[PDB]
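Letter by letter, the sequence shown follows residues 1207 to 1581, 1591 to 1702 in the UniProt record's numbering.
Where is the CB? At the ideal position from N, CA and C, for every residue including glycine.
Read through the structure below, which is laid out as structure tokens, and then see the notes.
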Amino acid sequence: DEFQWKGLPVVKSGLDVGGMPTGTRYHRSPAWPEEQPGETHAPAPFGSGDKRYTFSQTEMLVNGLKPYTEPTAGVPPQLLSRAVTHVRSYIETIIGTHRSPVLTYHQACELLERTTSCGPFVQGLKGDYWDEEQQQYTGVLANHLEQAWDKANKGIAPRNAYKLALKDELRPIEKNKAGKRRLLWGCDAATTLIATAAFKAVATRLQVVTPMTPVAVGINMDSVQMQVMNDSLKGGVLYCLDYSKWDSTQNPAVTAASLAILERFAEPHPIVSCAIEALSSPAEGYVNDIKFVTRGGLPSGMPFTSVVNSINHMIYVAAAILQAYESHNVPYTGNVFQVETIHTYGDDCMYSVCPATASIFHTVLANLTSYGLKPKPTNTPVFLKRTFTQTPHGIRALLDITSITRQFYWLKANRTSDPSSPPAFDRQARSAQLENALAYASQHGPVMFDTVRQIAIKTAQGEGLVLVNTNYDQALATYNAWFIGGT
């Protein structure tokens, strides 16, 4: 039965999945004992081990889980259905009406991320279990996937189940001082598998075609695909919005609609449909011996989070716009996604709207907020933290300079309760990281690059590294080869 645990509704899971990991993987660079100008980020608060703060992990979790407790208005069902047929229609004209077959078991298995966790029911990394060249999973994980695959083929859906933790990353110091840390949802590998088999061929068709669809997922921002995106912005009125608390504000009816759109492009099959059932069912987060079941929102670690959230976003925007026209008594004649230009990456976005739409944008925004989303114009495209900028070699999607330099001042390494303690890290990975950071720097041009250069040399001697993209010309040449190659 339900009971309250720190003010959240909560049930015993029948299992014990363990506590959230202790400490942090981030150390200050040994090269960098002092604070540098314009630094804005440091390691998120990790509770008991950490001398900076006095927050506990469990309370940071409870904080992050709270919005999942409260449902969201969503879209009025009649509106929703019109919005949906807009979204569906448009994607039909781009990717066609072909229905992708479900993946084989082995195909689906090869796509799992060996680098990540197995979710709440199996310990370790997925790669712990991968046979490099039996070419299959093995052991306890393989049994976990196998039973699930078998059940799915029999119409029995896997658990929409996540191991809850907190993300360990560099965050804004303003946020750290406030006791904020992002939720980590670790999906059950079986559920990932079934989704993958269901939906990956549809996801791939959308990716092949990016950014011709508003699903920008898997766009290479350091390629021509970004210039295609840029070009598509011309003519319209540019709104680059950030949504707050995007994940906790996802309405489950909208989500179910997005999944129904996806299902349209797949073969009907018991797999496809376990997977909708799982993914449209409420997220269950496991900690210790309890689970929390969501009443609203979406877990950030769902299978296909980006695609599903990009479809949600398309549906919300179509609805907001169509509602705004109808309530102003204006006819809306074309497809939203031709009349308007829309790029999403789950919650990240750029809208380039017709002027008629721009005229009544106040009203669009208000419709968005009425769905329980938490949303003026610019000439400067900003997307996936990139700023679109002219350079001497064409438009580039420029990483923030602080995104570049913070990589020099921090490194992800061994667990610790002390970031000021010395890292154990492999020098080659580190050096490759920093040579990449340098190639990004080169696009900012030569004054900017010289500053980053000086940082990198300092870093190299302090950390004992070796670096070539230390010069502008070779840093420029490496980025360029990335750029024209899709590399």
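| query | Under 7 Å, do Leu1439 and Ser1558 count as touching if we go by C-beta distance? | reply | Residue 1439 sits at position 233 when you count from the first residue of the sequence shown. Residue 1558 sits at position 352 when you count from the first residue of the sequence shown. In this structure, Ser1558 lies closer than 7 Å to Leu1439 by Cβ.
Among residues of its own chain, excluding the 5 on either side of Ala1237, which ones have a beta-carbon nearer than 6 Å to its beta-carbon? Here residue 1237 is taken as the residue at index 31 of the sequence shown, counted from 1. The beta carbon of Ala1237 sits closer than 6 Å to those of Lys1673, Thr1674, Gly1677 and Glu1678, all from its chain and outside the five residues before and after it, given in chain order.
Checklist line | Contact between the segment 1366-1384 and the segment 1316-1325 (3+ Cβ pairs under 8 Å) | finding: With contact defined as three or more Cβ pairs closer than 8 Å, the segment 1366-1384 and the segment 1316-1325 are in contact.
field: Residue range of the beta strand (DSSP E) that includes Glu1678
entry: The sequence position of residue 1678 within the sequence shown is 463, counting from 1. It is not in any beta strand (DSSP E) - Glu1678 instead sits in the alpha helix (DSSP H) that spans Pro1661 to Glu1678.
### Query
Would the beta-carbon of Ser1454 fall within 7 Å of that of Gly1503?
In the sequence shown, the residue the question calls residue 1454 occupies position 248. In the sequence shown, the residue the question calls residue 1503 occupies position 297. Yes, these two residues count as a Cβ contact at 7 Å.
Touching by the beta-carbon criterion (3+ pairs, under 8 Å), the segment 1260-1277 and the segment 1654-1667: These segments do not touch.
Should the segment 1567-1574 be called in touch with the segment 1515-1528, which here means at least 3 C-beta pairs below 8 Å?
Yes, the segment 1567-1574 touches the segment 1515-1528.
Q: From the DSSP output, in three-state form, read off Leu1331 for me.
A: Residue mapping note: residue 1331 aligns to position 125 of the sequence shown, counting from 1. Under the three-state reduction of DSSP, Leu1331 is assigned to strand.
| said: Going by DSSP, what residue range makes up the beta strand (DSSP E) through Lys1360? | reply: Taking the first residue of the sequence shown as 1, we reach residue 1360 at position 154. Secondary structure note for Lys1360: it is in no beta strand (DSSP E), with a DSSP letter that is neither H nor E.
- prompt: Is it the case that the Cβ atoms of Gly1578 and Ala1279 are separated by a distance below 7 Å?
  reply: On the sequence shown, position 372 is the one that residue 1578 refers to. On the sequence shown, position 73 is the one that residue 1279 refers to. Against a cut-off of 7 Å, the Cβ pair of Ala1279 and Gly1578 comes out as a contact.
#### Entry: Contact between the segment 1241-1258 and the segment 1414-1431 (3+ Cβ pairs under 8 Å)
At 8 Å Cβ cutoff, the stretches do not touch.
- Message: So that I know if they touch, is there some Cβ in chain C lying closer than 7 Å to that of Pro1249?
- Response: Considering every chain present, this structure includes no chain C. It has just one protein chain.
key: Sequence-distant residues of its chain with Cβ nearer than 8 Å to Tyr1687 (five each side left out)   = The residue given as residue 1687 occupies position 472 in the sequence shown. Once the five neighbours on either side are set aside, the close Cβ partners of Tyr1687 are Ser1657, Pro1661, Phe1664, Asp1665 and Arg1668.
Original post:
For the 8 Å Cβ check, are there 3 or more pairs between the segment 1278-1297 and the segment 1347-1363?
Top reply: Per the Cβ contact rule, the segment 1278-1297 is not in contact with the segment 1347-1363 (fewer than 3 Cβ pairs under 8 Å).
* Measure the alpha-carbon distance for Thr1606 versus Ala1652 and round it to whole angstroms. => Walking along the sequence shown from the start, residue 1606 turns up at place 391. Walking along the sequence shown from the start, residue 1652 turns up at place 437. Just so you know, the alpha carbons of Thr1606 and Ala1652 end up roughly 18 Å apart.
Checklist entry - Helix, strand or coil: how does DSSP classify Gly1609 here? => result Position 394 of the sequence shown holds residue 1609. Here DSSP, grouped into helix, strand and coil, assigns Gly1609 to strand.
Please go through the same chain and pick out, in chain order, the residues whose beta-carbon is closer than 7 Å to the beta-carbon of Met1427, but skip the five residues on each side of it. For the purposes of this step, residue 1427 is taken as residue 221 along the sequence shown, with counting starting at 1. Within the same chain, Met1427 has close Cβ partners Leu1599, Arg1601 and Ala1612.
> Taking the alpha-carbon positions, what's the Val1308 to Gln1341 distance?
Replying inline: Residue 1308 sits at position 102 when you count from the first residue of the sequence shown. Residue 1341 sits at position 135 when you count from the first residue of the sequence shown. Those two C-alpha atoms are separated by around 20 Å.
| For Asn1518, which residues of its own chain have a beta-carbon under 7 Å away from its beta-carbon, when the five flanking residues on both sides are left out? | Here residue 1518 corresponds to residue number 312 of the sequence shown, with the count starting at 1. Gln1456, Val1460, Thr1461 and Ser1464, listed in sequence order.
Contact between the segment 1399-1414 and the segment 1308-1322: three or more CB pairs below 8 Å?
The segment 1399-1414 and the segment 1308-1322 touch, with no fewer than 3 CB-CB distances between them shorter than 8 Å.
- request: Determine the extent of the beta strand (DSSP E) in which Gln1340 is found, giving its start and end residues.
  value: Stepping through the sequence shown from its first residue, residue 1340 is reached at position 134. Unbroken run through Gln1340: none, as it is neither H nor E.
Beta-carbon proximity of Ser1516 to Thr1547, cut-off 7 Å: Reading the sequence shown from its first residue, position 310 is the one you call residue 1516. Reading the sequence shown from its first residue, position 341 is the one you call residue 1547. The Cβ atoms of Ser1516 and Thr1547 lie no closer than 7 Å to each other.
Review point. Beta carbon of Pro1509, beta carbon of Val1499: below 7 Å?
Key: Counted from its first residue, the sequence shown places residue 1509 at position 303. Counted from its first residue, the sequence shown places residue 1499 at position 293. Going by C-beta atoms, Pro1509 is not nearer than 7 Å to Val1499.
- In or out: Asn1535 buried (at least 16 other Cβ within 10 Å) or exposed? The residue labelled residue 1535 in the question sits at position 329 within the sequence shown. Flag for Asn1535 reads exposed.
- What beta strand (DSSP E) runs, 3 residues minimum, are completely inside the segment 1370-1418? Runs of the beta strand (DSSP E) spanning 3 or more residues and lying entirely within the segment 1370-1418 occur at 1376-1378 and 1389-1393, in chain order.
| said: So, at 8 Å on beta carbons, what are the nonlocal neighbours of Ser1506 in its own chain, with the 5 sequence-adjacent residues on each side left out? | reply: Translated into positions along the sequence shown, residue 1506 becomes position 300. Answer for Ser1506: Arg1388, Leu1389, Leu1390, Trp1391 and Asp1453, listed in chain order.
Distance between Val1478 and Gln1413 (C-alpha atoms, nearest Å) = For the purposes of this step, residue 1413 is taken as residue 207 along the sequence shown, with counting starting at 1. For the purposes of this step, residue 1478 is taken as residue 272 along the sequence shown, with counting starting at 1. C-alpha separation (whole angstroms): 19 Å.
### Query
Which of the three DSSP states, helix, strand or coil, is assigned to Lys1272?
Working through the sequence shown from its first residue, we reach residue 1272 at position 66. Residue state, collapsed to three classes: helix.
Margin query: Less than 7 Å between the C-beta atoms of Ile1400 and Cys1480, yes or no?
Written below: Against the sequence shown, residue 1400 aligns to sequence position 194. Against the sequence shown, residue 1480 aligns to sequence position 274. Contact: yes.
| field | Contained alpha helix (DSSP H) runs [length at least 4] in the UniProt domain "RdRp catalytic" (1442-1567), N- to C-terminal order | value | If we require 4 residues or more, the alpha helix (DSSP H) runs fully inside the UniProt domain "RdRp catalytic" (1442-1567) come out as 1458-1470, 1477-1486, 1511-1533, 1542-1545 and 1561-1565.
Among the residues of its own chain, which have a CB less than 7 Å from the CB of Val1681, if the five just before and after it don't count?
-> Locating residue 1681 in the sequence shown gives position 466, where the first residue counts as 1. Only residues of its own chain outside the window of five on either side were considered, and among them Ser1646 and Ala1675 have a CB closer than 7 Å to the CB of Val1681, listed in chain order.
Task: Inter-residue Cα distance where the pair is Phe1640 and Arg1377 - done: In the sequence shown, the residue the question calls residue 1640 occupies position 425. In the sequence shown, the residue the question calls residue 1377 occupies position 171. Straight-line Cα distance between these residues: approximately 21 Å.
_Taking 7 Å as the limit between beta carbons, can you name the residues of its chain near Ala1248, skipping five residues before and five after?_
Numbered from its first residue, the sequence shown carries residue 1248 at position 42. Beyond the five residues adjoining it in sequence on each side, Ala1248 comes within less than 7 Å, by CB distance, of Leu1376, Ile1379 and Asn1382 in the same chain, given in chain order.
Review point. If you count every other CB in all the chains shown that lies within 10 Å of the CB of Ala1644, and 16 or more means buried, which is it?
Key: One-based indexing of the sequence shown puts residue 1644 at position 429. Exposed, because fewer than 16 other Cβ atoms sit within 10 Å of the Cβ of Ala1644.
Does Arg1305 come out as helix, strand or coil in the three-state DSSP assignment? In the sequence shown, residue 1305 corresponds to position 99, counting from 1. The answer is coil: DSSP assigns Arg1305 none of H, G, I, E or B.
Coil, strand or helix - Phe1640 by DSSP: Within the sequence shown, residue 1640 is the residue found at index 425, counting from 1. Coil.
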